Structure formats: C-alpha cells, structure tokens
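Shown here is one chain on its own, the form deposited in one PDB entry, set out as structure tokens.
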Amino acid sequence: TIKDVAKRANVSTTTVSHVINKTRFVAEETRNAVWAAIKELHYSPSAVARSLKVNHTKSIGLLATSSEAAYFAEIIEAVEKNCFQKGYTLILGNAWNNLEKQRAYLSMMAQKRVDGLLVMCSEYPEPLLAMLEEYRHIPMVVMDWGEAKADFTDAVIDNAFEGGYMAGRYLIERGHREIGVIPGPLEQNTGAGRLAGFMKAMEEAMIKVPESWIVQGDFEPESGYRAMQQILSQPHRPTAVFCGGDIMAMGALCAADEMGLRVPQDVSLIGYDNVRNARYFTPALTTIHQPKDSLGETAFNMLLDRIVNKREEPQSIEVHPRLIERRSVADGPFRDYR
C-alpha cells in the first residue's frame, strides 16, 4: 500500500518511507506530495510489516495474575501510563495462577514477539520458574518477588518484610499487646513477607500470637470477612488486628460492624497497600502504603534499559513502604506504661 502511495506521488516508495520516518532529507516539494497522497489514500503504515524488517514490535506484554483487584489494577494502570509515553503498546494477560494459562500466554507473547516482558504471577513454583527461563532470551522483569528468585531477570523488590515490621511496631507503640493477624497466601511474597516482618516485631516485644488469632486470607474482601469474624468470634479476642491487604481489611471492617463491634473503639485495624480508596473506608483506613506507581515505573524502566541499552546482567531495585496514619487505630491498654 506504500506502493500505492509512492505512485500517487510519483516517487519511489523508498522516498515515501523516508519522509514518513524523517530518515533522510527530502525536497519540500517532494515531501508535500507524499503527505498529500498519504492523506487521500488515507494511508496507514503497517507496523507488522515494519516490525518484520526492523525486528522489534515496540510492544510489551504484562503477564499478570489478575487485573480487577484494586492493588493489581493500580499497578497496571501505572505501567501502561509509562508504555504510552515511551511509544510502547501494552499487551495485558491475566494467568490466574493457572500454569497452562501461563505457558499459554507466554508463548502467545513470544510469538507476538514482545520487545520485553513484565511479570506479576503471585506464586512462583519451580514449574513456573522453569517455563519462565525458557524465555530468558526475551528481556524481562518480575515485579513481585521478595528477593532475587532467578539470575535471568531484573527484579524490583518492595521490602514487604520491613513493611510488616512497621505495621507491628505501630500497634505496639499504641499500647497494644493482644494482637491478631490475617495474612495473605503464604506462597506469595506480600503474604509470607509482610507476615514475617510483623512477626519479628512481636518477638522483639515478647508478644506471642496465639494460633487462634491468625487467619489466612486470600486478599479478597470475603476472606477478610470470615477471618475477622473467626477472630472476634472467640472467648478471648485481640484488641488489635493486622490485616495483610486493604480490600480484605475492608472485609474485616464490614464483619465487625455486623457483629456490632466498633472500630477502632472496639478493635483497632491496620491494613496494608494503601489502595487509592482506603481513605474512604469507614472508618478511614490506617495502613502501610506501597508505592505502586514507582513500582510500575521502575519496572518499565529497568526493562526499557535492557531493551534499548541491550543490558545482559540481571538487576534488582528496592522500593520502600511507609506508614499512613488514618482513623482505624486507637491507643491500646499499655500506651501510658512505656
């Protein structure tokens, strides 16, 4: 079809190409006509064709887990923002922690010849790690590991452990000593990681958390509801609770209200993520904030580096969580005794 344009303009396609890509000098005169034709012909340069010669599609694939969950959602939108301004095209794929689904999208991606790969799989078993490696050839970065699980990728690490530790400390310094927790899937970094961080703070305080006070969640509002319930649904209950994620917390808030418990007057709740609208939780959620934007930006960045500056050596960049004081927590019984 460029052939069709070169003709209208009565010049070589090479020429057409050159003016389209400003890749060498062209007569104004000449230039014009081409555009002229480019317009009537209503021309649209085929990227697939181009991508065929130039050897880069100028698009990146997001091998995600899910994309609705507030958390995930924020990141994605971030990453995308980046792709847009640097000319990249985002190909979004949720794998739902389904291996087949993952091997699937992966290969679809390779075939669509993605310039690079962003990875947010939540859980990383050997079987997944393995598949992953078969694609080392294609530049990639995993945005959700605690440490550097592999040598073939760039990694961005959130410090979820120091975040767990922060959340715990706060409780302590507020007077709390009877504290429960609803962690997220221990196979995930944001799960095991955050929890552990929180658990260290307790040991430092010689605070023991009775097993009946820790209930697993999965990050979905419902998981929180159940746990919160289960916790306050017992003879003896904590005076403060640490919730591994904002949404689940939102779930733990609802349930307390429903058991007619008061927050924070009856129970104190600290969450984790600081999702765009935790502020509008009732009451306004006190939580640890994860820098989701920077997280995305930093991932798309390391990736571009590898891409353009053809880097070979794996990289890894830390990012830092931080406490956000809201209205869901209140001084515990030992505040004044410290």
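Don't overthink the numbering: it's just position in the shown sequence, from 1. Rigid core here is just the name for the largest C-alpha set that superposes within 1.5 Å across the two forms.
Higher mean Cα B-factor in the deposited model: 5-13 or 319-327? According to the entry, 5-13 carries the higher average C-alpha B-factor.
Could you settle it for me: does 308-316 or 53-61 have the higher average Cα B factor in the PDB entry? Mean C-alpha B-factor is greater for 308-316.
Between 108, 195, 240, 259, which carries the biggest CA temperature factor in the record? In this record, 240 carries the highest C-alpha B-factor of the candidates.
Compare the CA B factors listed in the entry for 93, 175, 164, 183 and report the winner. Each of 93, 175, 164, 183 was compared by C-alpha B-factor; the highest is 93.
Lowest, middle or highest third: where is residue 225 by Cα B-factor in its chain? Top third by C-alpha B-factor.
Relative to the other modelled residues in the chain, which third contains the C-alpha temperature factor of residue 214: lowest, middle or highest? For residue 214, whose C-alpha B-factor we compare with every modelled residue in the chain, the answer is the highest third.
Going by the CA temperature factor in the PDB record, which third of the chain does residue 231 belong to: lowest, middle or highest? It falls in the middle third of the chain.
For residue 301, return the chain-relative third of its C-alpha B-factor as stated in the PDB record: lowest, middle or highest. Within its chain, residue 301 is a middle-third residue by C-alpha B-factor, going by the deposited values.
Residue 27 by Cα B-factor - lowest, middle or highest third of the modelled chain: Highest third - that is where residue 27 ends up once the chain's C-alpha B-factors are sorted.
There is another form of this protein, the form deposited in another entry, and it is not shown here; the text below is about that form.
To test your reading of the superposition: with the rigid core aligned, which of 101, 237, 200, 262 moves its Cα by 2 angstroms or more between this form and the one not shown? Only 101 moves by 2 Å or more at its C-alpha.
Under a superposition restricted to the rigid core, does residue 284 display a Cα displacement of 2 angstroms or more between this form and the one not shown? Where the cores coincide, residue 284 shows only a C-alpha shift between this form and the one not shown that is less than 2 Å.
With both forms fitted on the core, check whether the Cα of residue 212 differs by 2 Å or more between this form and the one not shown. Result for residue 212: no, shift under 2 Å.
Core-aligned CA displacement of residue 71 at least 2 Å between this form and the one not shown: The answer is yes; the displacement is at least 2 Å.
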